[PDB]
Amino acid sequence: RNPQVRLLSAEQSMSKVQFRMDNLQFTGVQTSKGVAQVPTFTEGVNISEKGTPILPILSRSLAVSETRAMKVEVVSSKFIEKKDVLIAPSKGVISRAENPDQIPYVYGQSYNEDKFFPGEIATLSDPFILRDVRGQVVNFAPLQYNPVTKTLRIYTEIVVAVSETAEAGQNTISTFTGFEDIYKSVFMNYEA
């Protein structure tokens, strides 16, 4: 768990979540384009598409609105630039029917595109219902990499505001108390 990730504010279904980069490391790997770097950070997870740069994300669950569609806005961000960096391409989802040590790092067509990948520094996953609470996962993408310029942007801090819109939400709802402790552990804004 990243200890620098904290809930700044929580009012009804609106939430202010702060991300801070913790223990960012780079592992050198063998590739066709030479030595490439596999980035890693506390609570960082690689869900990058096969052949696209390995740019780990941090995900957190929030108790959100019961009827409306949520939005995520970056209210505060800070980054540093790392030049002439070769970021390793993703191997994608590997099956346990395979040996990952025998799977090579293969660069996709995305490595010829002059733009920053993935593009967004903050996204929302599809809304879900956990018994009596409608939840949604907020994703921080603090590693943005342009493969053509070999420039890596390291976001040391990202503050997002997750709020409801005027739009009706997907997967919307509508005594037992046993799931209260589940809600507290799943959602970082439930007790607030």
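For every residue, the number given is its place in the sequence shown, counted from 1.
According to the record, the deposited sequence contains 4 to 9 residues between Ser174 and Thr175 that were left without coordinates.
The deposited model assigns a higher average Cα B-factor to 163-171 than to the other stretch when 137-145 and 163-171 are compared. The PDB entry reports B-factors from which the mean C-alpha value can be compared for 20-28 and 7-15; the larger average falls on 7-15. Across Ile87, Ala122, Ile94, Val75, the entry's maximum B-factor at the CA atom is seen for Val75. Among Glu66, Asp126, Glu43, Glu157, the highest C-alpha B-factor in the deposited entry belongs to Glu66.
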